[PDB]
Each structure stands twice: as C-alpha cells, then as structure tokens.
Amino acid sequence: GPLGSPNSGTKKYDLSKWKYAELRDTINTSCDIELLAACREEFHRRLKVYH
C-alpha cells in the first residue's frame, strides 16, 4: 500500500553489539544498502542515546 512495505525483502540482521572497528571496517570493506543502512543506523544511534 502507500509506502506500506516495511518488510519488503527477508529479515535483516541482529546487531545487538558491534565494535567501532568492525563497523568502520565492515563499511569500508563490505558494501550493501542493507548492511550500510543498518550499520549507519546503529552508528548514529550509538553516538546519540540521550540519557
């Protein structure tokens, strides 16, 4: 429906905890609108959690 498609493809991945090196390295090494998107999501959030 109207922009109604959050599932679209299959399931993404569980990034409960990730190291800054793995994120910076993964993004620099691997490449995928999925990983890059999810990686950036936690990247920013991790930098800002607001107590």
# chains A, B, ... in the order shown; residues from 1 in each chain; ligands from 1
call {"tool": "select_by_dssp", "arguments": {"residues": "chain A", "states": "alpha helix (DSSP H)", "output": "list in words"}}
result
residues 20, 21, 22, 23, 24, 25, 26, 27, 28, 29, 33, 34, 35, 36, 37, 38, 39, 40, 41, 42, 43, 44, 45, 46 and 47 of chain A
call {"tool": "write_last_selection", "arguments": {"atoms": "N, CA and C atoms", "output": "mmCIF file, in the first residue's frame"}}
result
data_model
loop_
_atom_site.group_PDB
_atom_site.id
_atom_site.type_symbol
_atom_site.label_atom_id
_atom_site.label_comp_id
_atom_site.auth_asym_id
_atom_site.auth_seq_id
_atom_site.Cartn_x
_atom_site.Cartn_y
_atom_site.Cartn_z
ATOM 1 N N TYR A 20 33.413 -0.509 17.143
ATOM 2 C CA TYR A 20 33.611 0.635 16.259
ATOM 3 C C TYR A 20 34.525 0.260 15.100
ATOM 4 N N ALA A 21 35.439 -0.673 15.349
ATOM 5 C CA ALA A 21 36.368 -1.116 14.317
ATOM 6 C C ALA A 21 35.646 -1.970 13.280
ATOM 7 N N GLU A 22 34.760 -2.840 13.753
ATOM 8 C CA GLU A 22 34.007 -3.712 12.857
ATOM 9 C C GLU A 22 33.083 -2.889 11.963
ATOM 10 N N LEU A 23 32.472 -1.860 12.540
ATOM 11 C CA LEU A 23 31.566 -1.003 11.785
ATOM 12 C C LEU A 23 32.337 -0.197 10.745
ATOM 13 N N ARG A 24 33.409 0.454 11.185
ATOM 14 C CA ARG A 24 34.226 1.256 10.281
ATOM 15 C C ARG A 24 34.907 0.364 9.249
ATOM 16 N N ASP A 25 35.323 -0.822 9.682
ATOM 17 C CA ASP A 25 35.988 -1.761 8.786
ATOM 18 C C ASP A 25 34.977 -2.411 7.845
ATOM 19 N N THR A 26 33.879 -2.901 8.411
ATOM 20 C CA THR A 26 32.843 -3.545 7.612
ATOM 21 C C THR A 26 32.351 -2.606 6.515
ATOM 22 N N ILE A 27 32.011 -1.381 6.901
ATOM 23 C CA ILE A 27 31.526 -0.394 5.942
ATOM 24 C C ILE A 27 32.588 -0.104 4.886
ATOM 25 N N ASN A 28 33.844 -0.043 5.317
ATOM 26 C CA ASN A 28 34.944 0.228 4.399
ATOM 27 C C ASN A 28 35.226 -0.988 3.524
ATOM 28 N N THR A 29 35.055 -2.176 4.096
ATOM 29 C CA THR A 29 35.295 -3.413 3.359
ATOM 30 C C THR A 29 34.037 -3.847 2.614
ATOM 31 N N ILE A 33 23.486 -1.805 0.543
ATOM 32 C CA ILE A 33 22.477 -0.863 1.015
ATOM 33 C C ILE A 33 21.863 -1.347 2.324
ATOM 34 N N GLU A 34 21.869 -2.661 2.525
ATOM 35 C CA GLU A 34 21.310 -3.242 3.741
ATOM 36 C C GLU A 34 22.264 -3.048 4.915
ATOM 37 N N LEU A 35 23.436 -3.671 4.829
ATOM 38 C CA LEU A 35 24.428 -3.561 5.892
ATOM 39 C C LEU A 35 24.805 -2.101 6.125
ATOM 40 N N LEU A 36 25.056 -1.377 5.040
ATOM 41 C CA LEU A 36 25.427 0.029 5.143
ATOM 42 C C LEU A 36 24.332 0.821 5.853
ATOM 43 N N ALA A 37 23.082 0.539 5.504
ATOM 44 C CA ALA A 37 21.955 1.233 6.116
ATOM 45 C C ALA A 37 21.837 0.871 7.594
ATOM 46 N N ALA A 38 21.802 -0.427 7.879
ATOM 47 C CA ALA A 38 21.690 -0.894 9.256
ATOM 48 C C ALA A 38 22.913 -0.477 10.067
ATOM 49 N N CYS A 39 24.083 -0.543 9.441
ATOM 50 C CA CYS A 39 25.321 -0.172 10.116
ATOM 51 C C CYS A 39 25.307 1.305 10.496
ATOM 52 N N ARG A 40 24.800 2.138 9.594
ATOM 53 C CA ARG A 40 24.735 3.574 9.845
ATOM 54 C C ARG A 40 23.699 3.887 10.919
ATOM 55 N N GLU A 41 22.641 3.084 10.970
ATOM 56 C CA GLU A 41 21.587 3.287 11.956
ATOM 57 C C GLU A 41 22.147 3.179 13.370
ATOM 58 N N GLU A 42 22.872 2.096 13.634
ATOM 59 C CA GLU A 42 23.458 1.886 14.953
ATOM 60 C C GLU A 42 24.616 2.851 15.183
ATOM 61 N N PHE A 43 25.323 3.185 14.109
ATOM 62 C CA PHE A 43 26.456 4.097 14.202
ATOM 63 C C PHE A 43 26.026 5.432 14.804
ATOM 64 N N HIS A 44 24.973 6.018 14.243
ATOM 65 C CA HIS A 44 24.472 7.300 14.729
ATOM 66 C C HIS A 44 23.812 7.141 16.096
ATOM 67 N N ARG A 45 22.930 6.155 16.212
ATOM 68 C CA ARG A 45 22.232 5.911 17.470
ATOM 69 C C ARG A 45 23.227 5.713 18.610
ATOM 70 N N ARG A 46 24.224 4.864 18.382
ATOM 71 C CA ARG A 46 25.233 4.596 19.400
ATOM 72 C C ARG A 46 25.907 5.893 19.841
ATOM 73 N N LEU A 47 26.107 6.805 18.895
ATOM 74 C CA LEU A 47 26.741 8.082 19.203
ATOM 75 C C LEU A 47 25.774 8.993 19.954
#
